[PDB]
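First comes the structure, then the notes that go with it.
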Amino acid sequence: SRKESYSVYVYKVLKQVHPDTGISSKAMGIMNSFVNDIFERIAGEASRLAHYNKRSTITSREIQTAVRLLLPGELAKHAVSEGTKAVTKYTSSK
Amino acid sequence: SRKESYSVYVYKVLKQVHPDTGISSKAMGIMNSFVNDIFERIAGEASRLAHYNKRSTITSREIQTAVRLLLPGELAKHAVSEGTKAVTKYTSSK
Amino acid sequence: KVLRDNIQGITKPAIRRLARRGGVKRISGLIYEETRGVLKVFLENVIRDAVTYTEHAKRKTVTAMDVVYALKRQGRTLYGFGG
Amino acid sequence: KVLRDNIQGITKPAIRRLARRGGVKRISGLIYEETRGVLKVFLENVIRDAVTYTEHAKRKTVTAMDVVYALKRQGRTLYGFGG
Amino acid sequence: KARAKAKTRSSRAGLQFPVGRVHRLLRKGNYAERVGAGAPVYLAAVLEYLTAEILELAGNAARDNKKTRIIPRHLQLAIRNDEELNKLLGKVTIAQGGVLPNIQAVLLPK
Amino acid sequence: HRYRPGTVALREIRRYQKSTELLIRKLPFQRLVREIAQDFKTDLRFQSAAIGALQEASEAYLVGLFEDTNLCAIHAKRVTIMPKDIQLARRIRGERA
Amino acid sequence: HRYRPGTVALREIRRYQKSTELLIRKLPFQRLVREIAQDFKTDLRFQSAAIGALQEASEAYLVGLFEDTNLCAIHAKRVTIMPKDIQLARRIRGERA
DNA sequence: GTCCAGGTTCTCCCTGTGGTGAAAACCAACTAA
Ligand SMILES: [Mg+2]
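Protein chains in written order, with the authors' numbering: chain D, 29 to 122; chain H, 29 to 122; chain F, 20 to 102; chain B, 20 to 102; chain C, 9 to 118; chain A, 39 to 135; chain E, 39 to 135.
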């Protein structure tokens with residue numbers, strides 16, 4: 029049937045910073061399974077952040093704390109500020 | 029307010045195999061926090077067993093597999109058979 | 020099905036070639052009876068954790084995500100096969 | 020509030036006494052500048068993970084379950100204080 | 009009757025990873041009961057920064073060894089070349105990669 | 039009268055492997071956390087069961103380090119630990135990148 | 039003509055740190071899993087991407103072991119690894135109780 | 001210094017993998033309350 033994936037959304041990032049670059053099949057699955065794992069670390073730490081503060085709600089604040097825990101040092105400085113651009117751009121729209 | 033605990037249910041096990049034995053306050057909290065941790069290992073592996081087999085249901089089969097993973101060797105032989113007694117006794121009742 | 024003498028299938032150069040990937044120049048002749056021991060310890064803590072997943076879904080085939088889920092359990096994550 | 024020279028608060032016998040609990044008879048005089056380094060690495064990976072919990076609930080006090088939640092994150096569980 | 013132009017929420021934030029697909033993987037993964045409207049936006053950005061940062065580094069190692077496509081060896085070698093990317097994936101095996109070239113400089117020949 | 043070297047030392051090993059006391063004292067370890075916490079957020083409070091959650095976790099790491107240090111010192115035909123041992127103890131576990 | 043000892047050896051280190059090939063062959067590693075699986079459940083099948091998920095995980099462990107073995111051999115003023123090194127390599131990480 | 005061994009580069013032929021183009025399917029977004 030249908031296997032959902034993140035394979036298509038890699039070519040929309042691979043062709044942003046290296047537009048003359050292909051990527052193999054068996055290397056797609058790593059960047060596929062990199063996403064699904066780094067998804068449920070951030071979600072599965074934001075999930076356990078909901079119980080620790082007695083709320084049933086995953087806000088966009090709780091994903092920010094569950095990225096300042098998993099990412100160390102200098103990735104935790106960029107991937108926070110690479111999200112709050114994509115939210116402030118999002119909320120000024122619609 | 030109310031802090032739920034497993035402290036009372038230790039005296040109902042401490043006075044089963046050592047009926048002439050007390051237990052201190054700061055040693056209760058270890059056997060308190062032993063329970064809450066060994067709770068969410070078994071639940072939090074039975075939880076992730078629900079997604080791996082695409083069911084929304086925690087059965088009493090899934091707790092049995094999430095005890096044969098966390099407990100090693102000879103504890104995994106007893107704590108399985110110390111549960112299926114307490115289920116077969118339970119289901120023949122009611 | 021039973022096929023024995025296959026801890027002796029990890030041959031004498033194929034442990035030397037694994038030694039060369041670790042950056043090892045000179046080895047002894049008594050690593051070969053140590054490596055086969057440490058290897059079967061590592062496969063008696065993965066297959067023992069993999070089969071309890073495959074038995075739990077009542078499958079007869081230990082599939083690709085099963086082993087990755089077993090290696091997820093020990094804290095040694097394997098990418099590239101899913102999971 | 021700022022109080023410096025307190026990585027030097029881990030005194031010379033109190034690293035020797037920790038060495039004796041590990042089962043160590045004879046030590047060098049250059050562990051003392053190694054232990055204080057490996058200790059402050061371990062507290063810059065717990066307090067950095069503890070404060071992000073206490074800031075998240077907008078508390079000003081890093082409470083007892085916070086540190087246990089930080090040690091839950093690294094894979095070194097601490098019993099006895101809750102959590 | 010008809011309706012308006014369906015503008016996807018990935019195009020309303022300037023991202024590439026979806027937000028519609030992430031927002032049903034926070035309500036069918038039992039992470040919590042309520043999931044805010046901004047949370048799968050913010051998470052699809054952090055999935056998009058870190059997908060670039062490997063492939064930025066995976067593009068260079070493909071180029072430095074004269075390759076058009078990125079095989080997993082480059083993903084093996086883009087990781088563990090960068091320091092802070094390695095400390096994220098310090099426990100993680102990448103399939104079909106081997107290791108970095110390394111000698112301890114004591115085994116050099118005499 | 040005069041003990042040989044390695045006699046008062048071995049009295050300490052069976053002493054401290056028996057007690058449960060605090061080896062790192064409280065206030066010269068409490069003030070260590072008031073240096074690392076100042077960077078990430080100034081003006082924080084600490085519950086004393088959380089400082090003690092660190093004083094029984096930092097002492098849970100060095101004892102786990104030194105007992106894995108002393109394996110190396112015995113391994114190099116020595117009985118003395120050295121700071122080349124710890125820096126190679128941590129590289130094996132992956133506790134330092 | 040005649041290589042010295044340590045010359046053909048160092049050619050192997052830069053050789054195998056470059057390739058991505060399989061070092062443990064398939065069928066003398068596939069049959070190793072048909073010994074350990076027989077205890078826990080007889081008559082099991084294996085997908086070949088799951089055997090290969092082990093052949094790239096067992097080779098992910100020994101190379102992680104030998105590179106942490108060779109730190110010990112250099113540490114004892116030697117260039118030769120010995121089975122007292124591995125049995126002390128694993129005791130430091132906690133990979134054997 | 002010197003000779004040779006195993007390697008590295010260059011080229012030509014061949015294959016497998018990938019990037020894409022087209023239909024189907026399903027989910028995400030919009031609408032009315
Ligand atoms: Mg109405």
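In this text, a Cβ means the ideal position worked out from N, Cα and C, and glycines have one as well.
Between the CA atoms of residue j and residue i - distance to the nearest angstrom
i: A:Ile74; j: B:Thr96; result: 21 Å
i: B:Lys31; j: H:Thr112; result: 55 Å
i: C:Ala45; j: B:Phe100; result: 36 Å
i: D:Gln44; j: D:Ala55; result: 18 Å
i: D:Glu73; j: D:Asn60; result: 20 Å
i: B:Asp24; j: A:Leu60; result: 21 Å
i: A:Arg40; j: A:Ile112; result: 27 Å
i: C:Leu85; j: E:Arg131; result: 25 Å
i: A:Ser86; j: F:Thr73; result: 47 Å
i: A:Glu94; j: A:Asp81; result: 24 Å
i: F:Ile46; j: E:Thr118; result: 5 Å
i: B:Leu90; j: C:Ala21; result: 36 Å
i: F:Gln93; j: E:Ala127; result: 18 Å
i: A:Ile51; j: A:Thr58; result: 13 Å
i: E:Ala114; j: E:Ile124; result: 13 Å
i: A:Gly90; j: A:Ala98; result: 12 Å
i: A:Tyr54; j: B:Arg40; result: 5 Å
i: H:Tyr118; j: H:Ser109; result: 14 Å
i: F:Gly102; j: F:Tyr88; result: 7 Å
i: D:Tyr34; j: C:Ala113; result: 42 Å
i: C:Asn94; j: B:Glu53; result: 24 Å
i: C:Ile111; j: E:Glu105; result: 10 Å
Beta-carbon proximity check, residue i vs residue j, cutoff 9 Å
i: D:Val63; j: C:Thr59; result: yes
i: B:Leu49; j: A:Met120; result: yes
i: D:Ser88; j: C:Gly37; result: no
i: C:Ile87; j: C:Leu65; result: yes
i: C:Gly106; j: C:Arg71; result: no
i: D:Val41; j: C:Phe25; result: yes
i: A:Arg72; j: B:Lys79; result: no
i: F:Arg67; j: E:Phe78; result: yes
i: residue 134 of chain D; j: C:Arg77; result: Missing from the structure shown is residue 134 of chain D; chain D here goes from 29 to 122 and no further.
i: D:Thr85; j: C:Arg32; result: no
i: C:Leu108; j: E:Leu48; result: no
i: E:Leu103; j: F:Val65; result: no
i: B:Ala69; j: B:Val43; result: no
i: D:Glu102; j: C:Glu92; result: yes
i: C:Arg35; j: C:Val27; result: no
i: residue 190 of chain C; j: C:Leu23; result: With chain C covering 9 to 118 only, the question about residue 190 of chain C has no answer from this structure.
i: residue 12 of chain H; j: H:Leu77; result: Given that chain H is displayed from residue 29 to residue 122, the structure contains no residue 12 of chain H and the question cannot be resolved.
i: C:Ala40; j: D:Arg83; result: yes
i: F:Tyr98; j: D:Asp48; result: no
Under 9 Å from the C-beta of residue i: neighbouring residues of chain A
i: B:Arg92; result: What B:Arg92 touches in chain A: nothing, since even the nearest Cβ is about 12 Å away.
i: E:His113; result: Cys110, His113, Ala114, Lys122, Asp123 and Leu126
Residue i: contacting residues in chain D (beta-carbon distance under 7 Å)
i: C:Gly22; result: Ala114 and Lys117
i: F:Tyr98; result: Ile58, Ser61 and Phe62
Listed by chain order, chain D residues near residue i by CB distance under 8 Å
i: C:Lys95; result: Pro100 and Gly101
i: B:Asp68; result: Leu97
i: B:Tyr51; result: Simply none; closest approach about 27 Å.
Expected contact under 8 Å - CB spacing of residue i and residue j to nearest Å
i: H:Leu97; j: F:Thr71; result: 6 Å
i: B:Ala76; j: A:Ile62; result: Their Cβ separation, rounded to whole angstroms, is 29 Å, which puts B:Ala76 and A:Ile62 out of contact at 8 Å.
i: A:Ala135; j: C:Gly67; result: Not really, about 24 Å apart at Cβ, beyond 8 Å.
i: D:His46; j: C:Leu63; result: 7 Å
i: C:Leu51; j: D:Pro100; result: About 18 Å; that fails the 8 Å criterion.
Chain-ordered chain F contacts of residue i [CB-CB under 9 Å]
i: C:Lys99; result: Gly94, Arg95 and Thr96
i: C:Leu115; result: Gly42, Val43, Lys44 and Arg45
Partner residues on chain H for residue i, Cβ-Cβ distance less than 7 Å
i: F:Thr71; result: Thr93, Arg96 and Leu97
i: F:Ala76; result: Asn81
Interface residues of chain E facing residue i [CB-CB closer than 9 Å]
i: F:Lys59; result: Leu70, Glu73 and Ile74
Contacts that residue i makes with chain E (C-beta to C-beta distance below 8 Å)
i: F:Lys44; result: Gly44, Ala47, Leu48, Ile51 and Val117
Neighbouring residues, chain C, relative to residue i (Cβ below 7 Å)
i: E:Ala95; result: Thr101
Listed by chain order, chain C residues near residue i by CB distance under 9 Å
i: D:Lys54; result: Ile79, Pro80, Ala103 and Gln104
Original post:
Using 8 Å as the Cβ pair cut-off and three pairs as the minimum, do the stretch 50-61 of chain B and the stretch 67-74 of chain D touch?
Top reply: no
Original post:
Given 8 Å as the limit, is there contact between the stretch 40-58 of chain A and the stretch 52-68 of chain E, that is, 3 or more CB pairs closer than that?
Top reply: no
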